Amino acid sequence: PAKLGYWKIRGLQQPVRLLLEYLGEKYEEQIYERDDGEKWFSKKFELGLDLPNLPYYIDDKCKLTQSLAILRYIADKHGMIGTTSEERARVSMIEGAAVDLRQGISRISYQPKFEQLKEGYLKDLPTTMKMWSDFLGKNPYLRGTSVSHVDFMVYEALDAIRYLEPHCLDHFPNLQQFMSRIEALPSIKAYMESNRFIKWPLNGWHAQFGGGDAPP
């Protein structure tokens, strides 16, 4: 079983957990609690990682850092990366846009001026959602009929944003169905009902938004 290391939050690791649960990969999570900073910063350079960071992934074949590299390793091993250069590039494009979507809310949430930034962010949100709604179109998933790691990235990003603006998906029925479709996948549904599931926080505990001890 691979060892995964990360804070006890959703943040960057959630899409990886979801993917691991979807393809039935056995893994052990090394959870770092709110007060484990010292614990991490003391072993950070003792784990044998080339470029130390959280999250990290370790198994008999690989030692990795970088949330996207970790997600793509599991996806690669399961044939979800793309078979041609054009396809692999299109996949990377979707990942990049998904990173932008999640990082956008992350940026303003860790900002002391969150309250101020929030208004501008909410003003632009609609255009962003439309772009994604138009991209998904009539497809069940981002790349067609089959689920892949990008779906779990976008799903998590949308779920986090709906915590800030609950009606953000109201005018986009396909995005709403997309969310339900993911939550209805047998392996996902079961994981979300387990005690392994981390529902909160969305961001780091110290965030102006999404960092409480409980949902707002």
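So that there is no doubt, residue numbering starts at 1 and follows the sequence shown.
Quiz item: Hey, which bit's got the bigger mean C-alpha B factor in the entry, 121 to 129 or 68 to 76?
Solution: So the stretch with the higher mean C-alpha B-factor is 121 to 129.
Quiz item: Out of 32 to 40 and 179 to 187, which one has CA B-factors that are higher on average in the deposited record?
Solution: If you average the C-alpha B-factors of 32 to 40 and of 179 to 187, the larger mean comes out for 32 to 40.
Quiz item: Of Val150, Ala157, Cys168, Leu54, which one's C-alpha B factor is largest in the deposited record?
Solution: Of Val150, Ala157, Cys168, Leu54, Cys168 has the highest C-alpha B-factor.
Quiz item: Looking at the C-alpha B-factor of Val16, is it in the lowest, middle or highest third of its chain?
Solution: Tercile = lowest for this residue's CA B-factor.
Exercise. Ordered by C-alpha B-factor within the chain, which third holds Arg88? Give me lowest, middle or highest, please.
Key: For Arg88, the deposited C-alpha B-factor lands in the lowest third.
Practice problem: Classify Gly96 as lowest, middle or highest third according to the C-alpha B-factor given in the PDB entry, relative to its own chain. | Solution: Lowest third, going by the recorded CA B-factors of the chain.
Exercise. Place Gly82 in the lowest, middle or highest third of its chain's C-alpha B-factors, as listed in the PDB entry.
Key: It falls in the middle third of the chain.
Practice problem: Looking at the entry's B-factor column for C-alpha atoms only, identify whether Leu136 ranks in the lowest, middle or highest third of its chain. | Solution: CA B-factor rank for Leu136: lowest third.
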